[PDB]
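Novice:
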Amino acid sequence: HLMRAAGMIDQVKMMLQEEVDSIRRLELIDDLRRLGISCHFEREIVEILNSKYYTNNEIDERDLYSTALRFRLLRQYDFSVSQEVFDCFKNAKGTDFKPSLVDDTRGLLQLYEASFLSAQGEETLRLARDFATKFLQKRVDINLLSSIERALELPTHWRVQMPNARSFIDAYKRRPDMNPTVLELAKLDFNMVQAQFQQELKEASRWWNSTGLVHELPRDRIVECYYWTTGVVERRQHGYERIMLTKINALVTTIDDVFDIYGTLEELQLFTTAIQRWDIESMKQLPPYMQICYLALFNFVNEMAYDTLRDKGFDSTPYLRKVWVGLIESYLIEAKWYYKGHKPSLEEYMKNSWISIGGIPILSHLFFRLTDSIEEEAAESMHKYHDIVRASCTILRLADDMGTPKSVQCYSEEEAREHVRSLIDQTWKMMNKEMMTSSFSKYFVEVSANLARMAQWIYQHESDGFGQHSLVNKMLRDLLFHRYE
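Numbered according to the deposited numbering, the sequence shown spans residues 84 to 223, 228 to 305, 308 to 493, 504 to 510, 517 to 572, 574 to 591.
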């Protein structure tokens, strides 16, 4: 019922404006994001945060729960707020958080969640994580217990939106204080977005069929390839971008298989060299299966370049060539390691593996799509590569490896795992720092962060999301094919 939908929204808009409980206001704001329906209210939410929390703050700076929630939501919406809001909760010595906080469970939970919005060098936030994790982990609301276990599994700041919405809706409908309208709108809305995803999916499948690659390269993966996009590209208007990202995923995965499993080193040199030339003459050198892999990629990329030239009067060909030769050349570097018996140090491995994970083509194509006016200085900055890109791809790579030379192997023990986990922590802090200071469009900063988040989603619980009945596959079907009843 679209009539029903339009009504519920205006209602919810009204609660936002009318709620005089400044704590319950933040809660509603947080709930809307997690339920998947914050887009309806984005301008309203920002206005409220700006006029009542960022200024004219209504929150008791002496309350942990409130202070932490305000901190997280403010940083989430790119408002500046210092880590010092937490000084008030630390011990006499200032060295750690007051022991008396262990009794404030919901307060500890929000402190934990808030700590992940940290940039580098925010010691007070590091103290918060350690303290709050320590006193949430094992301990004497059925709904609170539930929130906690999920947070320790994956902090909200690391969670994608749509692919997580169902589990939140499920939890939110079990909360005594939940709002029937908000719920109804969450479910109806879920189902409407699911319908949109299904069309996009059908169009991606049509494109995949048209390549004929399944017949030339003995199979359909394209649901998986699509599923990634529901998390990387959060905004609803961006249906074209999700379909596009599906193509990229499919082309990257296909080519990765060629380098990792099918092609001889000689063929690999041929392919890589063709990609370097980035022309049609190179078709001469390639064996049949590579001619059609090459030309499928070539035509896709050149079509994206045409669209950008037509729509934005900017020639992106030199940048897209850069990222695709960079990816392919990283493949070949890795392939050559085996033949040379070369065993890279972690430093050497990382230097290559944040490029070989295949996130640069994703971000590059999206940069051009999700930026209104392209300036040369902007394009150059992103293709440097900008630290935000390096950070995104690094978490993507680290998350992938922790799913399975590799990161742990290049380091194996629990200790190599601990080292990787710490690298992921250290990189998210770098990511947050970049998010606070970016000149790139809001949409692009989002996909940069969401690519990283989706990798952590797909490979959650340090497992391989697509290894039959993965608990991600189940989620995949629940998001794409099963209506929310």
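Even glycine gets a Cβ: it sits at the ideal position worked out from N, Cα and C.
#1: Compare the C-alpha of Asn266 against each of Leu118, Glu236, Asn174 and name the closest.
#2: Counting only runs of 4+ residues fully inside the stretch 238 to 304, write out the alpha helix (DSSP H) ranges in chain order.
#3: Report the start-end ranges of each alpha helix (DSSP H) in the stretch 114 to 174 that is 4 residues or longer and not cut off at the edges.
#4: Buried or exposed: which applies to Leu556, given that a residue is buried once 16 or more other Cβ atoms fall within 10 Å of its Cβ?
#5: Does DSSP put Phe180 in a helix, in a strand, or in coil?
#6: Assuming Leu304 contacts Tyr420 (C-beta within less than 8 Å), just tell me the rounded distance between them.
#7: Using C-beta distances below 7 Å, list every residue in its chain close to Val164, excluding the 5 sequence neighbours before and after it, in chain order.
#8: Can you tell me whether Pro250 is buried or exposed, with buried defined as 16 or more other CB within 10 angstroms of its CB?
#9: How about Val552 and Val321: do their beta carbons lie closer than 8 Å?
#10: Count the other CB atoms within 10 Å of the CB of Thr542; is the residue buried (16 or more) or exposed (fewer)?
#11: Evaluate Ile350 with the Cβ neighbour count: other Cβ atoms within 10 Å of its Cβ, from every protein chain shown; 16 or more gives buried, anything less gives exposed.
#12: Hey, would you say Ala202 sits closer than 8 Å to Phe169, going by beta carbons?
#13: Whole angstroms are fine: how far does the CA of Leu194 sit from the CA of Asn133?
#14: Give a yes or no on whether the C-beta atoms belonging to residue 306 and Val478 are separated by under 8 Å.
#15: Tell whether a beta-carbon distance below 8 Å holds between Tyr564 and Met471.
#16: Taking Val507 as part of the alpha helix (DSSP H), name the residues at either end of that continuous run.
#17: Roughly how many angstroms separate the alpha carbons of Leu485 and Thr493, rounded to a whole number?
#18: Under 8 Å by Cβ, that's how I've got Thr298 and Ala385 pegged, so tell me the actual separation to the nearest angstrom.
#19: State the DSSP-derived secondary structure class of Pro433, mapped to helix, strand or coil.
#20: With a threshold of 6 Å on Cβ separation, who are the neighbours of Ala273 within its own chain once the five nearest residues in sequence on each side are excluded?
#21: Assign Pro407 to buried or exposed, taking buried as 16 or more other Cβ atoms, counted over all protein chains shown, within 10 Å of its Cβ.
#22: How would you call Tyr427, buried or exposed, if buried means at least 16 neighbouring beta carbons within 10 angstroms?
#23: Let me check understanding here. Comparing Cα to Cα, which of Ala238, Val103, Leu275 lies closest to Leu85?
#24: Can you give the Cα-Cα distance for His123 and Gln94, rounded to whole angstroms?
#25: How many Å lie between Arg324 and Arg589 at the Cα?
#26: Identify every run of the alpha helix (DSSP H) within the stretch 341 to 417, keeping only runs that are complete inside it and at least 4 residues long; order them along the chain.
#27: Just the Cα atoms here: how many angstroms apart are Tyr383 and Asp187?
#28: Going straight from the alpha carbon of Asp264 to that of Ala252, what length do you get?
#29: Would you identify the three-state DSSP class for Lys96, choosing helix, strand or coil?
#30: Using CA atoms only, rank isn't needed, just tell me which of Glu523, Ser442, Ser462, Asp461 is closest to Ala480.
#31: What does the alpha-carbon distance come out to for the pair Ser405 and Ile449?
#32: Going by DSSP, what residue range makes up the alpha helix (DSSP H) through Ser553?
#33: Rounded C-beta distance between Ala258 and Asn230? I'm assuming under 8 Å.
#34: Could you give the residue range of the alpha helix (DSSP H) that holds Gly190?
#35: Out of curiosity, what's the CA-to-CA distance linking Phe587 and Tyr510?
Specialist: By the coordinates alone:
#1: Taking only the C-alpha atoms, the option nearest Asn266 is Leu118.
#2: 249 to 259, 267 to 298, 300 to 303, all fully within the stretch 238 to 304.
#3: DSSP runs (the alpha helix (DSSP H)) wholly in the stretch 114 to 174: 125 to 132, 147 to 159.
#4: By the 10 Å Cβ count, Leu556 comes out buried.
#5: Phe180 sits in a strand when the DSSP states are folded into three classes.
#6: Contact doesn't hold; Cβ gap of about 16 Å is too wide.
#7: If you ignore the 5 residues before and after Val164, its C-beta comes within less than 7 Å of the C-beta of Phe154, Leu157, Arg158, all in its own chain and listed in chain order.
#8: With 16 or more Cβ atoms within 10 Å of its Cβ, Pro250 is classed as buried.
#9: With contacts defined by Cβ atoms closer than 8 Å, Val552 and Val321 form a contacting pair.
#10: Per the 10 Å Cβ criterion, exposed.
#11: Within a 10 Å sphere around the beta-carbon of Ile350 sit fewer than 16 other beta-carbons, which makes this residue exposed.
#12: Against a cut-off of 8 Å, the Cβ pair of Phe169 and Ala202 comes out as no contact.
#13: Between the alpha carbons of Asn133 and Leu194 lies a distance of about 21 Å.
#14: This model leaves out residue 306; its place in the chain lies between 305 and 308, and no residues are given there.
#15: No, they are not a contact pair.
#16: Start and end: 506 to 509.
#17: Approximately 13 Å between the Cα atoms of the pair.
#18: Confirmed, Cβ separation roughly 5 Å.
#19: Here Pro433 sits in coil by DSSP.
#20: Hits under 6 Å: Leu118, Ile120, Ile256.
#21: Classification of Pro407: exposed, given that the 10 Å Cβ count is below 16.
#22: Exposed, by the Cβ-count rule.
#23: Checked all of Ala238, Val103, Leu275; the closest Cα to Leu85 is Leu275.
#24: Taking the straight line from one Cα to the other gives about 12 Å.
#25: Spanning the two alpha carbons is a distance of roughly 20 Å.
#26: Within the stretch 341 to 417, the runs of alpha helix (DSSP H) that reach at least 4 residues and sit entirely inside it are, in chain order, 354 to 366, 377 to 401.
#27: Going from the Cα of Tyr383 to the Cα of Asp187 covers about 59 Å.
#28: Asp264 and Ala252 have their C-alpha atoms some 19 Å from each other.
#29: Three-state DSSP puts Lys96 in a helix.
#30: Taking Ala480 as reference, the option from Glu523, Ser442, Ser462, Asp461 with the minimal CA-CA separation is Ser442.
#31: Taking C-alpha positions only, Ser405 is separated from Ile449 by approximately 14 Å.
#32: Here the alpha helix (DSSP H) through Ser553 covers 547 to 563.
#33: Under the criterion of beta carbons closer than 8 Å, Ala258 and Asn230 qualify as touching, at roughly 7 Å.
#34: Start and end: 188 to 198.
#35: Just so you know, the alpha carbons of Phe587 and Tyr510 end up roughly 41 Å apart.
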